[PDB]
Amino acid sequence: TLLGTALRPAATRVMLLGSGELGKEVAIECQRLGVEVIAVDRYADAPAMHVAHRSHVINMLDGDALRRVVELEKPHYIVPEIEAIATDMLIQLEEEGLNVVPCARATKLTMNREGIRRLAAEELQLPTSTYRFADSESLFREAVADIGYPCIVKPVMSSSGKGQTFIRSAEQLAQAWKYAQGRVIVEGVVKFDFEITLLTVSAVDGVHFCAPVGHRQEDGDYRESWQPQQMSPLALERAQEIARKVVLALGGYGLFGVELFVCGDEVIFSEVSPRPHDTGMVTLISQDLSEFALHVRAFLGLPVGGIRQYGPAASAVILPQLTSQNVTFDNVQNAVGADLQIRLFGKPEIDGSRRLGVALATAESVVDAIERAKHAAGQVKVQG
């Protein structure tokens, strides 16, 4: 691995496709290595742009626009930070010689619930929920019958529950199908003891895992996350096995977020993000290398070696709901202290619910860490 000096002719260039809080941390990690960072997003002054060398505002779903930006900057690494990008152009560009992290195919496959679910369930032969594909209210209708209730519905092009529907009732199918709007996937409910994110890094020295991350979701948003999630060694063994198979099948170097359901000693694969994952923001205080630092280490072709975990830790989001273009944060003095920090993203405005920052905490117990982080997030007064 040879790195140039940012801004100099031999500079090593990284292009972020998506500049939110996740990309912000990736950017800092690149910067820490003198790596040149070009932050791209669909709006100006996105978090990652504040810490990048330069930025571009474009419609990332527009393949032609993406090719132009890429051609213009000639990056050595194309690092997707969100799902919503023109994966097809990534494939083409990769084919043209461009380095897409972890690989273009992994981006495409995971973007579509159909590709990924078939790969894992079928090809890889791993445990998943019961599933089905349909392409019409009729098909929806007949599928949802196949699944039965309880049951889940998601566009094959859904995120953060975007267009998802939890179906216990026949009445919903009015709502359901419309909300889903295209085409969809219908899954049969898993009753797990808990869910985890197994952050798995694929690098030159093989695949390494972070301690399991537990989390609480609410209204399609993670609220809190913690590490390490308590689970059996047997269960952990199984989870690791599932994660390795998945990451190796997707291919390429990077940090992946493997979503799994845990039922006693059994583990079931749900999905996977071929990039750093929100719940993993706890690693900003819980490990020597954050998931962001791990991603960069991996993609640059550098070895990981190991990952140190610093005891019970948690993250708790700062998720206000208001409309403003000049947000201020008061009472900060009561949101920081021993074993407690906060991050404020730099998002330019808000109009509805939006993740503007995160609280991070460590404690003697996971329960205590969660509380310290939750309390700290609650102390911040978000003004408009």
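Counting begins at 1, following the sequence as shown. Whichever C-alpha set is largest while still superposing within 1.5 Å between the two forms counts as the rigid core.
After a core fit, the C-alpha atoms in 6 other deposited structures of this protein lie farther on average from the shown form in one of 182 to 190 and 206 to 214, namely 182 to 190.
Relative to the shown model and aligned on the rigid core, the C-alphas in 6 other deposited structures of this protein deviate most, among 324 to 332 and 27 to 35, for 324 to 332. According to the PDB entry, the deposited sequence contains 4 to 9 residues between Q181 and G182 that lack coordinates. As the entry records it, the average C-alpha temperature factor is higher for 112 to 120, out of 112 to 120 and 218 to 226.
Mean C-alpha B-factor is higher over 52 to 60 than over the other stretch, the pair under comparison being 52 to 60 and 322 to 330. If you compare the C-alpha temperature factors of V272, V296, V153, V79 in the entry, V153 comes out highest. In the PDB entry, the Cα temperature factor peaks, among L198, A104, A134, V262, at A134. Ranked within its chain, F209 lands in the lowest third, by CA B factor from the PDB record. Per the PDB record, residue ranking by Cα B-factor puts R354 in the lowest third of the chain. The PDB entry assigns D278 a C-alpha temperature factor belonging to the lowest third of its chain's modelled residues. Ranked within its chain, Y310 lands in the middle third, by CA B factor from the PDB record. Among the modelled residues of its chain, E21 has a C-alpha B-factor that falls in the lowest third according to the deposited record.
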